[PDB]
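Asks: One file: target14.cif (mmCIF, C-alpha atoms).
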data_protein
#
loop_
_atom_site.group_PDB
_atom_site.id
_atom_site.type_symbol
_atom_site.label_atom_id
_atom_site.label_comp_id
_atom_site.auth_asym_id
_atom_site.auth_seq_id
_atom_site.Cartn_x
_atom_site.Cartn_y
_atom_site.Cartn_z
ATOM 1 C CA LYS A 1 -8.558 18.551 16.831
ATOM 2 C CA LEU A 2 -9.317 15.260 15.106
ATOM 3 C CA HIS A 3 -8.255 12.149 17.042
ATOM 4 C CA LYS A 4 -8.277 8.447 16.334
ATOM 5 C CA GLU A 5 -10.524 5.965 18.179
ATOM 6 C CA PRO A 6 -9.961 2.200 18.137
ATOM 7 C CA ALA A 7 -12.353 -0.124 16.357
ATOM 8 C CA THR A 8 -12.470 -3.853 15.610
ATOM 9 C CA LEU A 9 -12.877 -5.346 12.153
ATOM 10 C CA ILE A 10 -16.054 -7.250 11.511
ATOM 11 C CA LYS A 11 -16.014 -7.651 7.726
ATOM 12 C CA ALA A 12 -14.535 -5.873 4.687
ATOM 13 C CA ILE A 13 -17.453 -5.372 2.309
ATOM 14 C CA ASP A 14 -15.972 -3.653 -0.738
ATOM 15 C CA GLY A 15 -13.071 -1.419 -1.733
ATOM 16 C CA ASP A 16 -14.752 1.606 -0.146
ATOM 17 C CA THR A 17 -16.768 0.079 2.739
ATOM 18 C CA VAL A 18 -15.906 -1.895 5.876
ATOM 19 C CA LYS A 19 -18.056 -3.039 8.811
ATOM 20 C CA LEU A 20 -16.454 -2.363 12.207
ATOM 21 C CA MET A 21 -17.304 -2.730 15.885
ATOM 22 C CA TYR A 22 -17.180 0.851 17.096
ATOM 23 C CA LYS A 23 -17.860 1.662 20.744
ATOM 24 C CA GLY A 24 -19.396 -1.799 21.127
ATOM 25 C CA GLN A 25 -21.742 -1.497 18.122
ATOM 26 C CA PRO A 26 -21.474 -3.026 14.642
ATOM 27 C CA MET A 27 -21.470 -0.218 12.092
ATOM 28 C CA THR A 28 -20.840 0.201 8.383
ATOM 29 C CA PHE A 29 -18.118 2.719 7.487
ATOM 30 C CA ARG A 30 -17.750 4.432 4.160
ATOM 31 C CA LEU A 31 -14.183 5.625 3.447
ATOM 32 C CA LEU A 32 -14.080 9.457 3.211
ATOM 33 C CA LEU A 33 -12.856 11.256 0.091
ATOM 34 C CA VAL A 34 -12.276 8.229 -2.117
ATOM 35 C CA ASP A 35 -14.130 6.557 -4.921
ATOM 36 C CA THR A 36 -13.104 2.988 -5.708
ATOM 37 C CA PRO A 37 -14.333 0.897 -8.635
ATOM 38 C CA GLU A 38 -16.972 -1.184 -6.924
ATOM 39 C CA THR A 39 -17.941 -4.827 -6.943
ATOM 40 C CA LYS A 40 -21.293 -3.759 -5.506
ATOM 41 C CA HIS A 41 -22.193 -0.832 -7.739
ATOM 42 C CA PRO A 42 -25.907 0.026 -7.618
ATOM 43 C CA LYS A 43 -26.238 0.196 -11.399
ATOM 44 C CA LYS A 44 -22.878 -0.687 -12.900
ATOM 45 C CA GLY A 45 -22.179 -3.755 -10.753
ATOM 46 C CA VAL A 46 -18.602 -5.030 -11.022
ATOM 47 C CA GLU A 47 -16.308 -2.439 -12.561
ATOM 48 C CA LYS A 48 -12.715 -2.940 -13.758
ATOM 49 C CA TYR A 49 -10.259 -2.829 -10.801
ATOM 50 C CA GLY A 50 -13.247 -3.370 -8.486
ATOM 51 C CA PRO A 51 -12.004 -6.816 -7.470
ATOM 52 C CA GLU A 52 -8.492 -5.420 -7.005
ATOM 53 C CA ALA A 53 -9.535 -2.469 -4.836
ATOM 54 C CA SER A 54 -11.763 -4.687 -2.765
ATOM 55 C CA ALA A 55 -9.028 -7.272 -2.157
ATOM 56 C CA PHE A 56 -6.574 -4.473 -1.276
ATOM 57 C CA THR A 57 -8.790 -2.956 1.421
ATOM 58 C CA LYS A 58 -9.642 -6.393 2.786
ATOM 59 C CA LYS A 59 -6.039 -7.600 3.163
ATOM 60 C CA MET A 60 -4.973 -4.321 4.674
ATOM 61 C CA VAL A 61 -7.615 -4.410 7.363
ATOM 62 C CA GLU A 62 -7.651 -8.179 7.975
ATOM 63 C CA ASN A 63 -3.887 -8.312 8.519
ATOM 64 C CA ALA A 64 -3.752 -5.326 10.870
ATOM 65 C CA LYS A 65 -2.981 -5.467 14.578
ATOM 66 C CA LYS A 66 -4.786 -2.192 15.339
ATOM 67 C CA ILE A 67 -7.617 -0.487 13.449
ATOM 68 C CA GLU A 68 -8.471 3.129 14.245
ATOM 69 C CA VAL A 69 -11.139 5.435 12.865
ATOM 70 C CA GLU A 70 -10.803 9.165 12.452
ATOM 71 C CA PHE A 71 -13.820 11.423 11.931
ATOM 72 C CA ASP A 72 -13.677 14.639 9.880
ATOM 73 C CA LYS A 73 -15.043 17.965 11.134
ATOM 74 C CA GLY A 74 -18.520 17.718 9.533
ATOM 75 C CA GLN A 75 -21.297 15.101 9.325
ATOM 76 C CA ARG A 76 -20.162 11.737 10.700
ATOM 77 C CA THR A 77 -22.790 9.600 8.919
ATOM 78 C CA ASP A 78 -24.300 9.666 5.436
ATOM 79 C CA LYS A 79 -27.926 9.264 4.378
ATOM 80 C CA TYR A 80 -27.555 5.476 4.450
ATOM 81 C CA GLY A 81 -26.511 5.241 8.064
ATOM 82 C CA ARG A 82 -22.811 4.710 7.215
ATOM 83 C CA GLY A 83 -20.049 6.300 9.322
ATOM 84 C CA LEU A 84 -17.867 8.716 7.355
ATOM 85 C CA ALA A 85 -14.259 8.287 8.363
ATOM 86 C CA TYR A 86 -10.592 7.913 7.643
ATOM 87 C CA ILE A 87 -9.595 4.332 8.517
ATOM 88 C CA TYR A 88 -6.064 3.513 9.793
ATOM 89 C CA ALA A 89 -4.529 -0.012 9.794
ATOM 90 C CA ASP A 90 -1.455 -0.138 12.036
ATOM 91 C CA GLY A 91 -0.956 3.586 11.610
ATOM 92 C CA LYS A 92 -1.402 3.678 7.822
ATOM 93 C CA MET A 93 -4.453 5.386 6.351
ATOM 94 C CA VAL A 94 -6.377 2.955 4.165
ATOM 95 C CA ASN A 95 -7.905 5.794 2.184
ATOM 96 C CA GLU A 96 -4.505 7.169 1.199
ATOM 97 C CA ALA A 97 -3.015 3.704 0.475
ATOM 98 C CA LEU A 98 -5.732 3.017 -2.089
ATOM 99 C CA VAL A 99 -5.259 6.344 -3.857
ATOM 100 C CA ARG A 100 -1.429 6.007 -3.764
ATOM 101 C CA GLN A 101 -1.769 2.607 -5.537
ATOM 102 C CA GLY A 102 -4.010 3.915 -8.267
ATOM 103 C CA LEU A 103 -6.883 1.830 -6.910
ATOM 104 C CA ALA A 104 -9.119 4.793 -6.134
ATOM 105 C CA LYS A 105 -9.686 8.367 -7.265
ATOM 106 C CA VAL A 106 -10.179 11.310 -4.899
ATOM 107 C CA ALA A 107 -13.983 11.874 -4.783
ATOM 108 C CA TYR A 108 -16.086 15.019 -5.161
ATOM 109 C CA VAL A 109 -15.510 16.975 -1.960
ATOM 110 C CA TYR A 110 -18.353 18.307 0.192
ATOM 111 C CA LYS A 111 -17.022 20.782 2.752
ATOM 112 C CA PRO A 112 -16.312 20.766 5.503
ATOM 113 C CA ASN A 113 -15.406 17.068 5.435
ATOM 114 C CA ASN A 114 -12.180 17.739 3.543
ATOM 115 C CA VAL A 115 -9.437 17.771 6.148
ATOM 116 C CA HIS A 116 -7.089 15.293 4.342
ATOM 117 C CA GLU A 117 -8.004 16.508 0.867
ATOM 118 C CA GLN A 118 -4.705 18.009 -0.288
ATOM 119 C CA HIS A 119 -2.724 15.065 1.067
ATOM 120 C CA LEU A 120 -4.858 12.627 -0.900
ATOM 121 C CA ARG A 121 -4.645 14.762 -3.986
ATOM 122 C CA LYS A 122 -0.843 14.666 -3.793
ATOM 123 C CA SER A 123 -0.925 10.899 -3.587
ATOM 124 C CA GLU A 124 -3.368 10.754 -6.466
ATOM 125 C CA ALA A 125 -1.123 12.928 -8.586
ATOM 126 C CA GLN A 126 1.826 10.596 -7.869
ATOM 127 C CA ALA A 127 -0.188 7.518 -8.847
ATOM 128 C CA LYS A 128 -1.181 9.168 -12.124
ATOM 129 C CA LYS A 129 2.421 10.109 -12.917
ATOM 130 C CA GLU A 130 3.432 6.522 -12.192
ATOM 131 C CA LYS A 131 0.482 5.296 -14.330
ATOM 132 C CA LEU A 132 -0.607 2.660 -11.777
ATOM 133 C CA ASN A 133 -3.741 0.493 -12.202
ATOM 134 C CA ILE A 134 -6.694 2.843 -12.895
ATOM 135 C CA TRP A 135 -4.239 5.270 -14.465
ATOM 136 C CA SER A 136 -2.514 2.671 -16.670
#
Go through the file and emit its structure as structure tokens.
Replies:
Amino acid sequence: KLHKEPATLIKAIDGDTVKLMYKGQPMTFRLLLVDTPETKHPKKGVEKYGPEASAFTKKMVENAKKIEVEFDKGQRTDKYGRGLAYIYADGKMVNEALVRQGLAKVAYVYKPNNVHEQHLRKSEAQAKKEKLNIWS
């Protein structure tokens, strides 16, 4: 089964990336299954809603009492060294919150890291129906 492990915030870096202290080591975490508009896009740069997604993730993790990380069932790091995880702030999944708010889309899914896929797709569908942010 998947289980959560505690972590401590170091710095929110962008909408889709946060640096955490995990098992006593600083590490960069990429949020699984979501694509946010980025402020730090490799080519693009600062896309529309980038600033908004980035501020949303930052507030959510900076104002939390407890941060937890949840790994999926496949690879736990990507080719850049970043942890691949679902991040929880006081019990609430940051990945889902972003999608629910129309501040992220569900990404292209590489099995078998897809455990919360349907759940996020349901939230994405609701944000589209409500025409929030990216979908407005």
Asks: Which neighbours of residue A:49 fall inside 8 Å, counting all atoms listed in the file, when residues of the same chain fewer than 3 positions from it are skipped, and could you give them as a list in words?
Replies: residues 37, 38, 52, 53, 103, 133 and 134 of chain A
Asks: Carefully work through the PyMOL selection byres ((chain A and resi 33) around 8) for this structure and note down the residues it includes, as a VMD selection string.
Replies: chain A and resid 31 to 32 34 to 35 95 106 to 109 114 117
Asks: Would you please work out which residue, of A:50, A:15, A:24, A:91, is nearest to residue A:70 when using only C-alpha atoms?
Replies: A:91
Asks: Could you jot down the atom CA of residue A:71 to atom CA of residue A:16 separation for me, Å, one decimal place?
Replies: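 Between atom CA of residue A:71 and atom CA of residue A:16 the gap is 15.6 Å.
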Asks: Which of these residues is nearest to residue A:57, using all atoms listed in the file: A:116, A:19, A:4, A:121?
Replies: A:19
Asks: Would you work out the distance separating atom CA of residue A:8 from atom CA of residue A:77, expressed in Å to one decimal?
Replies: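 Atom CA of residue A:77 lies at a distance of 18.2 Å from atom CA of residue A:8.
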Asks: Written as a CSV table (one decimal) with C-alpha atoms, in the frame of the given file, what is the full residue list that the PyMOL selection byres ((chain A and resi 30) around 7) yields on the file shown?
Replies:
chain,number,residue,atom,x,y,z
A,16,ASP,CA,-14.8,1.6,-0.1
A,17,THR,CA,-16.8,0.1,2.7
A,18,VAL,CA,-15.9,-1.9,5.9
A,28,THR,CA,-20.8,0.2,8.4
A,29,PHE,CA,-18.1,2.7,7.5
A,31,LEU,CA,-14.2,5.6,3.4
A,32,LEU,CA,-14.1,9.5,3.2
A,82,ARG,CA,-22.8,4.7,7.2
A,83,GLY,CA,-20.0,6.3,9.3
A,84,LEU,CA,-17.9,8.7,7.4
A,85,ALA,CA,-14.3,8.3,8.4
Asks: For residue A:102, list every protein, DNA or RNA residue within 8 Å, evaluated using only C-alpha atoms, and leave out those in the same chain fewer than 6 positions away; present the list as a PyMOL selection string.
Replies: chain A and resi 124+127-128+131-135
Asks: Please save C-alpha atoms of the selected residues as a PDB file, in the frame of the given file.
Replies:
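Full text of result.pdb as output:
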ATOM      1  CA  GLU A 124      -3.368  10.754  -6.466  1.00  0.00           C
ATOM      2  CA  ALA A 127      -0.188   7.518  -8.847  1.00  0.00           C
ATOM      3  CA  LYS A 128      -1.181   9.168 -12.124  1.00  0.00           C
ATOM      4  CA  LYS A 131       0.482   5.296 -14.330  1.00  0.00           C
ATOM      5  CA  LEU A 132      -0.607   2.660 -11.777  1.00  0.00           C
ATOM      6  CA  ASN A 133      -3.741   0.493 -12.202  1.00  0.00           C
ATOM      7  CA  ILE A 134      -6.694   2.843 -12.895  1.00  0.00           C
ATOM      8  CA  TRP A 135      -4.239   5.270 -14.465  1.00  0.00           C
TER       9      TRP A 135
END
Asks: Would you compute the distance between atom CA of residue A:104 and atom CA of residue A:14? Give it in Å to one decimal.
Replies: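 Interatomic distance, atom CA of residue A:104 to atom CA of residue A:14: 12.1 Å.
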Asks: Could you list, as JSON, numbers by chain, every residue matched by the PyMOL selection byres ((chain A and resi 1) around 10) in this structure?
Replies: {"A": [2, 3, 72, 73]}
Asks: When you count all atoms listed in the file, which of these residues is closest to residue A:90: A:6, A:119, A:45, A:40?
Replies: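 Among the listed residues, the smallest separation from residue A:90 belongs to A:6.
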Asks: Can you work out which one of A:120, A:87, A:111, A:79 has the shortest atom-to-atom distance to residue A:99, counting all atoms listed in the file?
Replies: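 Closest to residue A:99 of all the choices is A:120.
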Asks: Find, counting only C-alpha atoms, the residue in A:78, A:88, A:100, A:43 that gets nearest to residue A:125.
Replies: A:100
Asks: Which one of A:93, A:39, A:5, A:76 sits closest to residue A:55 if you count only C-alpha atoms?
Replies: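 Of A:93, A:39, A:5, A:76, the one nearest residue A:55, counting only C-alpha atoms, is A:39.
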